[PDB]
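Written below as structure tokens is the structure these notes are about.
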Amino acid sequence: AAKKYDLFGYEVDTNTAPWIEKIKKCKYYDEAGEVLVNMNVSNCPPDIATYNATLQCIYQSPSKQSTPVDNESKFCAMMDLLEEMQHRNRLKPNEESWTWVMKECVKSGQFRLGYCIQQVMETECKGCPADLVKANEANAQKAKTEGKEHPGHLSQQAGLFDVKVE
Amino acid sequence: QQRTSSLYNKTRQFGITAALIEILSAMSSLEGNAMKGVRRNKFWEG
Amino acid sequence: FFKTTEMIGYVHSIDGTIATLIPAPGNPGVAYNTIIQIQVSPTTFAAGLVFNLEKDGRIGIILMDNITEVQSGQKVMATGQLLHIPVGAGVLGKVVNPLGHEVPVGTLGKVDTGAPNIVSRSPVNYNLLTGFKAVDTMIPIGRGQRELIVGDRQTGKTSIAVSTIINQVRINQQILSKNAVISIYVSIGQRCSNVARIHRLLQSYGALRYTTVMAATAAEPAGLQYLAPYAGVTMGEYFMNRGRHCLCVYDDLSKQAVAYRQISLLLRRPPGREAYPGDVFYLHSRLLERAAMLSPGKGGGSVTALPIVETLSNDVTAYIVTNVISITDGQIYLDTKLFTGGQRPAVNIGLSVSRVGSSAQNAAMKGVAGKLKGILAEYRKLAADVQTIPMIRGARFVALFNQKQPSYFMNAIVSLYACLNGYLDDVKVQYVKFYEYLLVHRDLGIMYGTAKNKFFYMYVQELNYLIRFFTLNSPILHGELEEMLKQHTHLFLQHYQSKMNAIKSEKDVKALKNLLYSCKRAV
Amino acid sequence: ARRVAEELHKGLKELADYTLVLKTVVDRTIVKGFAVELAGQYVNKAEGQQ
Amino acid sequence: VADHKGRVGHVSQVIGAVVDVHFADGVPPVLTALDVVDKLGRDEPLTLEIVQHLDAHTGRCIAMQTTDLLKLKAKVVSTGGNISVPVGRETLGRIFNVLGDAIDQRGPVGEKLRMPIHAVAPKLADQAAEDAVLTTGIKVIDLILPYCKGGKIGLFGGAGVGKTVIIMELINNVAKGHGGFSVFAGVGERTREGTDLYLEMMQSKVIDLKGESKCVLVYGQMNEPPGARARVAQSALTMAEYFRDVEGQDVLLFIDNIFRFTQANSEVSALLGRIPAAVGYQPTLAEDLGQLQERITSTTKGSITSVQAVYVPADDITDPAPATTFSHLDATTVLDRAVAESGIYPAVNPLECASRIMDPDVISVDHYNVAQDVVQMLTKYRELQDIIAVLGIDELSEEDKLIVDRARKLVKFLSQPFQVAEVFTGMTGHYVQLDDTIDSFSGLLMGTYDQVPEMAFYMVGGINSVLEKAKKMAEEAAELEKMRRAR
Amino acid sequence: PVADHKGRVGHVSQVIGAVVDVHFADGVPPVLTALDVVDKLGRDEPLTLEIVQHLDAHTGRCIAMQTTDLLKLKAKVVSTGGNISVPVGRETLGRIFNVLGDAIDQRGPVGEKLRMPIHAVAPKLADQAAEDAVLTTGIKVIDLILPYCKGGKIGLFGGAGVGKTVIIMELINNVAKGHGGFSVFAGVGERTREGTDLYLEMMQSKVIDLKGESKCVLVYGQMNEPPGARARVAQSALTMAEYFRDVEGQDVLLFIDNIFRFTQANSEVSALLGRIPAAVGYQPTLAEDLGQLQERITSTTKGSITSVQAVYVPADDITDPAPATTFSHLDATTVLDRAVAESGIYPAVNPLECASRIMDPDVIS
Ligand SMILES: Nc1ncnc2c1ncn2[C@@H]1O[C@H](COP(=O)(O)OP(=O)(O)OP(=O)(O)O)[C@@H](O)[C@H]1O
Ligand SMILES: Nc1ncnc2c1ncn2[C@@H]1O[C@H](COP(=O)(O)OP(=O)(O)OP(=O)(O)O)[C@@H](O)[C@H]1O
Ligand SMILES: Nc1ncnc2c1ncn2[C@@H]1O[C@H](COP(=O)(O)OP(=O)(O)O)[C@@H](O)[C@H]1O
Ligand SMILES: [Mg+2]
Ligand SMILES: [Mg+2]
Ligand SMILES: [Mg+2]
């Protein structure tokens, strides 16, 4: 509709519909970043819709790559993506983006990150999907029953000379 | 004062020598790169 | 249908690692700064680079390989093209020469490209975490920046750069490959053993998957040492022009200048200052100008440069050192006296500077860095000219700056915040590292069953990105952050410091001394 | 060698009117085969010590 | 041999950035521009400038681009004259290079006239006497070394002392409201710094793409070969000269860095067969710089206010290049690294600065008297500082400690936060009026503020800001006392 | 095989100091080739040359290993068909050699199985070792602050009369005698008497059993030798050590005294070769010469070489290009200061300016 201009005043392509379709056809969410890279190279900066699609692919994708990658985390990738969007692109995440993050936290069983995201949605957005808040609490209380509330080695009593400093 | 003066008078002597050496090295390089061409004179007329 | 080369002359003279060519009458001729092949055998060729074109027709050649095979009278063929080397993701995890040849271990990019235009760049706004608290706070580095590392021999110039490469391993594994930081480590004039030791060190931490090594050892001719930085940056410009970020380390430019001096003098170039060629500034100037942060319109990729430079007796008045300092956007000065004094990394904050400023810091680090900067400035002056708050916290900040391995962002920022808000005022300076170790690798609240926080715990490594988004001084994270620090301080003082101050036995004293020294090398 | 020289001569448009001449040179670097050079165009069909 | 336009020559020698050209009909005049017409598979055109005549047919030249893919006997065609650059109001808001070609990717520029970059300097009879103070909004400059309109200003400094920052502050304070035009010449400096300047100027509306701009940019930077860095200054100066003469306007000319012009010529000097002089500069260091500097002057037609940044290599002001530039200036601002290391910005050493208009006839008597008193007090304070280290502060007499206490306040009161260094400092900048600076320092000298805390003068503007900071300091101190009292 | 240039005949064209130009009608032999002067010339000893540069397709510049006295133009020279080769193997143990590999102990013939050239390529990356361990020398300063590494490279930087030689002898006594592997002593531009004293010391300690098995080889080109020899004795000594390391997988000690004279010798010839001097006056190829030499002094996967090199600092200026460039080629650096010695402290090690690579808790306790 309205032409966008870049930092130096040159115009940027705004027709970012085909790229979203490409993102919605990926198998592993690392391939989504490649699409974002191609968009930037083609002077087609992503919009809010593009980032949400990327988050959706991350949540719905099996893994980062065809082969496993050590210490890979879906939550970390999405949060970094949001950091890029808000800080280095000046775009405010909407409710949809945070919901995807909350779904990932619930799905992965990380019930402590869910609490933080729950407050974020209750602070920036308007509340949280009460379906997901309840799911996270269920995961937390399962840990209490099973005893996996904190890593066990932390609970072990220690002393001044009883700590192994690697 | 007698130890820092010697190092100051030793430094000025070395500084003069090195700077002059650099200049002469460049002078010799530009002289060496130069080559004398064929002498176009009446060699027979002698 | 023949593989017809372009013969341009014969080899006339050979002087070490350089040669001269005489053109055969009535031949096409060779172009300046192009690659040529000296036919050492009907099937074997030695690479050379054109450097001079004299009035007599003679050609100056910088030999690159198979020098021992070169003899006077051999034929020379002209490719007629500049130097191009392999580039791509298929080179990562490998050791290569400046010519692209792989070195066994136990797309073509032009090496002479121009730097990005003025309108092809963007302001530096993305941080590059070295992993060291001192640098990340007081000396910010941003992607697309040139940060010199200047110091004396045996001061940590190489270690810090290698640690910076390693610190990206953990980050790259979590975030998308879009924001991953690739590494090009270039060794110039170094020992072959050191390269192997570096290769093993990178492999141990798994950094080879995101890193490649370009080595021109001492035994190799000066030509390779002269082209290594240009070849290395070329491999890093592949990612820059494709919306990705790279980090190029040059170890070190000091030995590159020597090689260029050797080549120029042998080829009859007039010497200059300290016998260096007149155009020695222009050599590094065009090398470091190629590291930039491309604009949104060209992809947003970047190349970050960490050239390393050596001084003699902490003399930064030398020729090449001054030239490099007048080129880079900042300098990290490693001081010998601090290094021997126990401060490691021996970063001299007074002599170090980053011209990018806070723009190359994350929103979370900006507030901590800004306030930390004022305290240290006062601490430096107070002692130079009384347990005032600036002097109480300044010493503890200095103690926290001693490190041996790069630190995760979450651990470093939290510790700095604690020391900033006075949580370490009651902690003795000697015990600061021990306090930090317990905070990071332990949790006193859980140990003593007094932890009421819901999510904020130091063992939840995923909190790093939430901190990096919202800041520590935000209502989401601030309330629980203070509670955890308050509990950790109270528990630490009560159960640990009291016993530590009550030790008099020689056996116990020695045991404590070992513990605290180990804590320095652990966190 | 003569056949190769003629083929190279045909390829070169500048030497269309020029008359072909062959000059033999002894190279100790090649043990077998031959090489042909004409107006800078060099064809190698030779082998040296293994 | 009058009109050499289209004359043909052949490349005879190529060594680095220096190329020898042979003309059968006679070498064109020196400073002539030549184009390499031969198709060498280059991505950029190659142009050369004649600098010497080796004989009646051979001429030595410096290239403006990289000499890669250049072969011997390559054809070369003269352009019929020296290097020409566009001039006029159509260049406003645009970025150019040494050759006068736009590099902003903003479309063709409508040029009605072009002028050669090499011109003869004004003669003695073309000199105008303009003694008027220039208010830069900086306490140190306006007081100790006031600047003069239509004059020449130098910022001598090492690396990292704040030369570029001061230039940005001067632009923000003098150029935004300038009646006339401005020309910025980047010479052998970082390319990113040029980019930041372009963005800031667009934001400040100095360069209005949609409207009317009032500044020109000419950039030849480190990446460029020495040939370009030795002529970019001439190109920008030519644009300013046109605005001065033809348009009769008062123009600003910022140059950063003028040293690179000397450095580039030294790099090529070796290959031109010239024996190096002392340190290792070219023998023609003084003459080449003088020709350029004399062109940068205010004549009877118009005025050029020139601000030039000089790099003092390795903080050695005895170096030939920095010293040679001192006699070609009307106001010298010498920056010192020690001052900066102490937290004082701008890191000006007032004992080493000087100004031509520091005379009662030009400036007000109060201004002259205040400045001299400040300088004398600073000089005396430094002598005492030697005593204070040997004997200690206790041994100083009543008079001496009053000098010490007053002088320390002067040292900290000279510091000022700039509006462009907010990221570096983290505080808003201040613009101090000339009268406010004089009154504030006058009161300080006579002890009107002896009871004010010393730190109240650190990184503030006028006297009013000093009082406010002191009040804030008092309030926080009272809070700390209250907290201690409760304990 | 046999070289294709052996027996090639050339004639002397130019003589300047120790630098001689030779013109070969059939073509100049390969660089590094060895040539013998056939004309009698009334000399008392033979004359041998080593090619270092090619002036043209027929002319080659060479350095003489002996004095060039009584050398005339047009003198006949014959190529030897290869580089300068020296004996290798156990036959060399207990013997004294010179740059050319000729025994100078006035004893029976060496009878070596074979010879190998002095010039050789260095080990590649894949042939590098990864073993770090402490060599206990018995000296307090070294074992504490700058411990030495087995199979590593050690340098003793010092002025004149500071204690470099004494420390080397102490290390020899405390390590070499009680060493399972072999040892090679390379004397380069040092006092001839010191070599004689060492030879007597090694015979008394029975490290050289004239009638039995010995563990030490001596290679000596001393001050009196011309610059050509002093620039190649180190190569020959290193070649013997390389053979022991690789062909036998045996640990070797390499005591070089002094390595600075090697660089000094190359500087003297470079001046005559017609090269533009670098700073101070050294040859522009200072770094490359050291790199080629030092990189050969390393421990591979086949064997280990522990090298101890004495470095002379001219005028006590540690910033001189020669010692300065050598720091990067050493695992352990031991800097000696004249002032410390004048205070009665021996050894005069300046610990603040010393360094070691194994000063790592992962290696030492
Ligand atoms: N942060 C550190 N803490 C403790 N030791 C360190 C640290 N950084 C480096 N070192 C050690 O200091 C020594 C010198 O480090 P490094 O190899 O990085 O020096 P350098 O600057 O490369 O010097 P050079 O390359 O000239 O030898 C090594 O033993 C290294 O392990
Ligand atoms: N460890 C030591 N204990 C006592 N005296 C020593 C010691 N080392 C050296 N000296 C004294 O210093 C003198 C010179 O020592 P040394 O022979 O080692 O010199 P150097 O370093 O080899 O110098 P150069 O070989 O250039 O003469 C000795 O003769 C002796 O008087
Ligand atoms: N007014 C200032 N306030 C604070 N720091 C400053 C100021 N001016 C300069 N600096 C310091 O100097 C750096 C910029 O240096 P710069 O202006 O480029 O100097 P130069 O061009 O002489 O090297 C800043 O990053 C900061 O560290
Ligand atoms: Mg290093
Ligand atoms: Mg600057
Ligand atoms: Mg000795």
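Residues in the structure tokens are numbered from 1 in each chain, the chains being A, B, ... in the order shown, and ligands are numbered from 1 in the order shown.
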Return as a list in words the residues belonging to chain C that are within 10 Å of chain D, counting only C-alpha atoms.
->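 Close enough to count are residues 1, 2, 3, 4, 5, 6, 7, 8, 9, 24, 25, 26, 27, 28, 29, 39, 40, 41, 42, 43, 44, 74, 77 and 78 of chain C.
Residues of chain C lying within 7 Å of chain A, counting only C-alpha atoms, are residues 173, 174, 175, 176, 177, 178, 242, 243, 296, 297, 298, 299, 300, 442, 443, 446, 447, 454, 455, 462, 465, 466, 469, 476, 496, 518, 519 and 522 of chain C.
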What is the atom CA of residue F:141 to atom 18 (O, counted along the ligand's line) of ligand 1 distance in Å?
->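 Computed distance, atom CA of residue F:141 to atom 18 (O, counted along the ligand's line) of ligand 1, equals 22.7 Å.
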Would you mind listing what lies within 9 Å of residue C:429 as a ChimeraX atom specification, with only C-alpha atoms counted and same-chain residues fewer than 5 positions away left out?
-> /C:395-396,399,424
Keeping N, CA, C and O atoms for every residue in the selection just given, could you write it to a file as a PDB file, in the first residue's frame?
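Result file follows (again.pdb):
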ATOM      1  N   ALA C 395      37.082  -2.448  43.765  1.00  0.00           N
ATOM      2  CA  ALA C 395      38.013  -3.555  43.942  1.00  0.00           C
ATOM      3  C   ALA C 395      37.365  -4.877  43.564  1.00  0.00           C
ATOM      4  O   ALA C 395      37.999  -5.733  42.937  1.00  0.00           O
ATOM      5  N   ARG C 396      36.103  -5.062  43.942  1.00  0.00           N
ATOM      6  CA  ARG C 396      35.419  -6.316  43.659  1.00  0.00           C
ATOM      7  C   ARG C 396      35.167  -6.485  42.167  1.00  0.00           C
ATOM      8  O   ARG C 396      35.242  -7.602  41.643  1.00  0.00           O
ATOM      9  N   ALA C 399      38.427  -7.751  40.785  1.00  0.00           N
ATOM     10  CA  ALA C 399      38.602  -9.170  41.065  1.00  0.00           C
ATOM     11  C   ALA C 399      37.718 -10.026  40.173  1.00  0.00           C
ATOM     12  O   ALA C 399      38.117 -11.127  39.777  1.00  0.00           O
ATOM     13  N   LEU C 424      27.883  -7.517  47.362  1.00  0.00           N
ATOM     14  CA  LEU C 424      29.187  -8.064  47.712  1.00  0.00           C
ATOM     15  C   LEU C 424      29.966  -7.157  48.655  1.00  0.00           C
ATOM     16  O   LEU C 424      31.164  -7.374  48.859  1.00  0.00           O
TER      17      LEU C 424
END
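Pairwise distance (atom CA of residue E:142, atom CA of residue E:363) equals 10.8 Å.
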Members of chain B assigned alpha helix (DSSP H) by DSSP, as a CSV table (one decimal) with N, CA, C and O atoms, in the first residue's frame:
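The resulting selection_17.csv:
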chain,number,residue,atom,x,y,z
B,2,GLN,N,72.6,11.5,36.4
B,2,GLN,CA,73.7,11.2,35.6
B,2,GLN,C,73.5,9.9,34.8
B,2,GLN,O,74.3,9.6,33.9
B,3,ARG,N,72.5,9.1,35.1
B,3,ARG,CA,72.1,7.9,34.4
B,3,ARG,C,71.1,8.1,33.3
B,3,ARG,O,71.2,7.5,32.3
B,4,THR,N,70.2,9.1,33.5
B,4,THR,CA,69.2,9.4,32.5
B,4,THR,C,69.8,10.4,31.5
B,4,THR,O,69.3,10.5,30.4
B,5,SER,N,70.9,11.1,31.8
B,5,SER,CA,71.5,12.0,30.9
B,5,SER,C,72.3,11.2,29.9
B,5,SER,O,72.3,11.5,28.7
B,6,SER,N,73.0,10.2,30.3
B,6,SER,CA,73.8,9.3,29.4
B,6,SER,C,72.9,8.6,28.4
B,6,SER,O,73.2,8.6,27.2
B,7,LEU,N,71.7,8.1,28.9
B,7,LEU,CA,70.8,7.4,28.0
B,7,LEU,C,70.2,8.4,27.0
B,7,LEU,O,69.7,8.1,25.9
B,8,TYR,N,70.1,9.7,27.4
B,8,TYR,CA,69.6,10.7,26.5
B,8,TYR,C,70.6,11.2,25.5
B,8,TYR,O,70.3,11.4,24.3
B,9,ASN,N,71.9,11.2,25.9
B,9,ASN,CA,73.0,11.5,24.9
B,9,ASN,C,73.4,10.3,24.1
B,9,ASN,O,73.9,10.5,23.0
B,10,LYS,N,73.2,9.1,24.6
B,10,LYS,CA,73.4,7.9,23.8
B,10,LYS,C,72.2,7.8,22.7
B,10,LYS,O,72.5,7.3,21.6
B,11,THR,N,71.0,8.2,23.1
B,11,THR,CA,69.9,8.0,22.2
B,11,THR,C,70.0,9.0,21.0
B,11,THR,O,69.7,8.6,19.9
B,12,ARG,N,70.4,10.2,21.3
B,12,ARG,CA,70.5,11.2,20.2
B,12,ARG,C,71.5,10.8,19.2
B,12,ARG,O,71.4,11.0,18.0
B,13,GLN,N,72.6,10.2,19.7
B,13,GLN,CA,73.6,9.7,18.7
B,13,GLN,C,73.1,8.6,17.9
B,13,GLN,O,73.4,8.5,16.7
B,14,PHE,N,72.4,7.6,18.5
B,14,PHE,CA,71.9,6.5,17.7
B,14,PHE,C,70.8,7.0,16.7
B,14,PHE,O,70.7,6.5,15.6
B,15,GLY,N,70.0,8.0,17.2
B,15,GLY,CA,68.9,8.4,16.3
B,15,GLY,C,69.4,9.1,15.1
B,15,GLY,O,68.9,8.9,14.0
B,16,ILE,N,70.5,9.9,15.2
B,16,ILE,CA,71.1,10.6,14.0
B,16,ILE,C,71.6,9.5,13.1
B,16,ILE,O,71.5,9.6,11.9
B,17,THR,N,72.3,8.5,13.6
B,17,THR,CA,72.9,7.5,12.8
B,17,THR,C,71.9,6.7,12.0
B,17,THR,O,72.1,6.5,10.8
B,18,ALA,N,70.8,6.3,12.6
B,18,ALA,CA,69.8,5.4,12.0
B,18,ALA,C,69.1,6.2,10.9
B,18,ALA,O,68.9,5.7,9.8
B,19,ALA,N,68.7,7.4,11.2
B,19,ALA,CA,67.9,8.2,10.2
B,19,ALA,C,68.8,8.4,9.0
B,19,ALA,O,68.3,8.3,7.8
B,20,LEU,N,70.1,8.7,9.1
B,20,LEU,CA,71.0,8.9,8.0
B,20,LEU,C,71.2,7.6,7.2
B,20,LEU,O,71.2,7.6,6.0
B,21,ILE,N,71.2,6.5,7.9
B,21,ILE,CA,71.4,5.2,7.3
B,21,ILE,C,70.2,4.9,6.4
B,21,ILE,O,70.3,4.4,5.3
B,22,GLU,N,69.0,5.2,6.9
B,22,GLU,CA,67.8,4.9,6.1
B,22,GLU,C,67.8,5.7,4.8
B,22,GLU,O,67.6,5.1,3.8
B,23,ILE,N,68.2,7.0,4.9
B,23,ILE,CA,68.2,7.8,3.7
B,23,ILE,C,69.2,7.3,2.7
B,23,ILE,O,68.9,7.2,1.5
B,24,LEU,N,70.4,7.0,3.1
B,24,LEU,CA,71.4,6.4,2.2
B,24,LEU,C,71.0,5.1,1.6
B,24,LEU,O,71.3,4.8,0.4
B,25,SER,N,70.3,4.3,2.4
B,25,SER,CA,69.8,3.0,1.8
B,25,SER,C,68.8,3.3,0.7
B,25,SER,O,68.9,2.6,-0.4
B,26,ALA,N,67.9,4.2,0.9
B,26,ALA,CA,67.0,4.6,-0.2
B,26,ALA,C,67.7,5.2,-1.4
B,26,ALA,O,67.4,4.9,-2.5
B,27,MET,N,68.7,6.0,-1.1
B,27,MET,CA,69.5,6.6,-2.2
B,27,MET,C,70.2,5.5,-3.0
B,27,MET,O,70.3,5.6,-4.2
B,28,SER,N,70.8,4.5,-2.3
B,28,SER,CA,71.5,3.4,-3.0
B,28,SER,C,70.5,2.5,-3.8
B,28,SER,O,70.8,2.0,-4.8
B,29,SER,N,69.3,2.4,-3.2
B,29,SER,CA,68.3,1.6,-3.9
B,29,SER,C,67.8,2.2,-5.2
B,29,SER,O,67.7,1.6,-6.3
B,30,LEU,N,67.6,3.6,-5.2
B,30,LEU,CA,67.2,4.3,-6.4
B,30,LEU,C,68.4,4.4,-7.4
B,30,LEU,O,68.1,4.5,-8.6
B,31,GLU,N,69.6,4.4,-6.9
B,31,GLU,CA,70.8,4.4,-7.8
B,31,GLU,C,70.9,3.0,-8.4
B,31,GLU,O,71.2,2.9,-9.6
B,32,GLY,N,70.7,1.9,-7.6
B,32,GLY,CA,70.9,0.6,-8.2
B,32,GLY,C,69.8,0.3,-9.2
B,32,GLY,O,70.1,-0.4,-10.2
B,33,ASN,N,68.6,0.6,-9.0
B,33,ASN,CA,67.5,0.4,-9.9
B,33,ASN,C,67.8,1.1,-11.2
B,33,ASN,O,67.3,0.6,-12.3
What residues in chain E lie within 10 Å of chain A, counting only C-alpha atoms, written as a PDB file with N, CA, C and O atoms, in the first residue's frame?
ATOM      1  N   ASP E 104      26.219   8.073  -4.206  1.00  0.00           N
ATOM      2  CA  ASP E 104      25.087   7.914  -3.308  1.00  0.00           C
ATOM      3  C   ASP E 104      23.957   7.101  -3.922  1.00  0.00           C
ATOM      4  O   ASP E 104      22.940   6.883  -3.258  1.00  0.00           O
ATOM      5  N   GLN E 105      24.109   6.651  -5.168  1.00  0.00           N
ATOM      6  CA  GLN E 105      23.081   5.863  -5.842  1.00  0.00           C
ATOM      7  C   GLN E 105      21.742   6.587  -5.845  1.00  0.00           C
ATOM      8  O   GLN E 105      20.684   5.959  -5.757  1.00  0.00           O
ATOM      9  N   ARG E 106      21.776   7.915  -5.944  1.00  0.00           N
ATOM     10  CA  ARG E 106      20.579   8.740  -5.876  1.00  0.00           C
ATOM     11  C   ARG E 106      20.256   9.399  -7.212  1.00  0.00           C
ATOM     12  O   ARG E 106      19.569  10.425  -7.245  1.00  0.00           O
ATOM     13  N   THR E 195      29.626   7.247   6.971  1.00  0.00           N
ATOM     14  CA  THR E 195      28.242   6.794   6.954  1.00  0.00           C
ATOM     15  C   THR E 195      27.459   7.376   8.122  1.00  0.00           C
ATOM     16  O   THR E 195      26.323   7.832   7.952  1.00  0.00           O
ATOM     17  N   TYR E 198      26.637  10.963   7.406  1.00  0.00           N
ATOM     18  CA  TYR E 198      25.570  11.111   6.424  1.00  0.00           C
ATOM     19  C   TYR E 198      24.205  10.896   7.060  1.00  0.00           C
ATOM     20  O   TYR E 198      23.258  11.643   6.786  1.00  0.00           O
ATOM     21  N   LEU E 199      24.083   9.882   7.917  1.00  0.00           N
ATOM     22  CA  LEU E 199      22.816   9.637   8.597  1.00  0.00           C
ATOM     23  C   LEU E 199      22.451  10.798   9.511  1.00  0.00           C
ATOM     24  O   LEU E 199      21.305  11.260   9.522  1.00  0.00           O
ATOM     25  N   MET E 202      21.276  13.860   7.526  1.00  0.00           N
ATOM     26  CA  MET E 202      19.918  13.671   7.029  1.00  0.00           C
ATOM     27  C   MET E 202      18.898  13.846   8.145  1.00  0.00           C
ATOM     28  O   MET E 202      17.844  14.460   7.944  1.00  0.00           O
ATOM     29  N   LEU E 209      16.734  15.516   1.178  1.00  0.00           N
ATOM     30  CA  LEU E 209      16.597  14.894  -0.135  1.00  0.00           C
ATOM     31  C   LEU E 209      15.362  15.413  -0.857  1.00  0.00           C
ATOM     32  O   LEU E 209      15.416  15.749  -2.045  1.00  0.00           O
TER      33      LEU E 209
END
Using only C-alpha atoms and all ligand atoms, what are the residues with an atom within 9 Å of ligand 5, set out as a PyMOL selection string?
-> (chain C and resi 326) or (chain E and resi 159-165+189-190+193+256-257+309+311)
Fewer than 2 positions away in the same chain doesn't count, so skip those; otherwise give me all residues within 7 Å of residue F:56, counting only C-alpha atoms, as a count of residues only.
-> 7
Give me, as a tab-separated table, each residue of chain F that comes within 9 Å of ligand 1, together with its shortest interatomic pair and the distance in Å at one decimal, counting only C-alpha atoms and all ligand atoms, with rows ordered by chain and rising residue number.
residue	atom	partner	partner_atom_place_in_ligand_line	distance
F:327	CA	ligand 1	26 (O)	7.6
F:328	CA	ligand 1	26 (O)	6.0
F:329	CA	ligand 1	27 (O)	9.0
F:330	CA	ligand 1	27 (O)	8.8
F:331	CA	ligand 1	27 (O)	8.4
F:355	CA	ligand 1	13 (C)	8.1
F:356	CA	ligand 1	29 (O)	6.7
F:357	CA	ligand 1	29 (O)	4.8
F:358	CA	ligand 1	29 (O)	6.6
F:359	CA	ligand 1	29 (O)	5.6
F:360	CA	ligand 1	29 (O)	6.0
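Look at residue E:131: the protein and nucleic acid residues within 8 Å of it, using only C-alpha atoms and passing over chain neighbours fewer than 4 places away, are residues 148, 149, 357 and 362 of chain E.
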Using only C-alpha atoms and all ligand atoms, find each protein or nucleic acid residue lying at most 9 Å from ligand 6; present the set as a PyMOL selection string.
-> chain F and resi 160-166+168+190-191+194+257-258+310+312
Near chain F, which residues of chain C fall within 8 Å when you count only C-alpha atoms, and what do they look like as an MDAnalysis selection string?
-> chainID C and resid 11:16 68 71:73 103:106 154 190:193 195:197 218:222 258 261:262 265:266 268 274:276 312 340
Find the residues near residue C:358: any atom within 8 Å, counting only C-alpha atoms, skip ones fewer than 3 places away on the same chain, and give them as a count of residues only.
-> 5
Check every protein, DNA and RNA residue against ligand 4, keep those with an atom at most 12 Å away (counting only C-alpha atoms and all ligand atoms), and present them as a PyMOL selection string.
-> (chain C and resi 149-162+186-191+194-195+197-198+249-255+307-310) or (chain F and resi 327-331+357)
Can you pull out every residue within 10 Å of stretch 18-26 of chain F, counting only C-alpha atoms, but drop anything in the same chain fewer than 2 positions away, and send it as a ChimeraX atom specification?
-> /F:5,8-16,28-29,35,49-69,71,73-79,226-228,268-273
Atom pair atom CA of residue E:457 / atom CA of residue E:444: separation (Å) = 10.5 Å
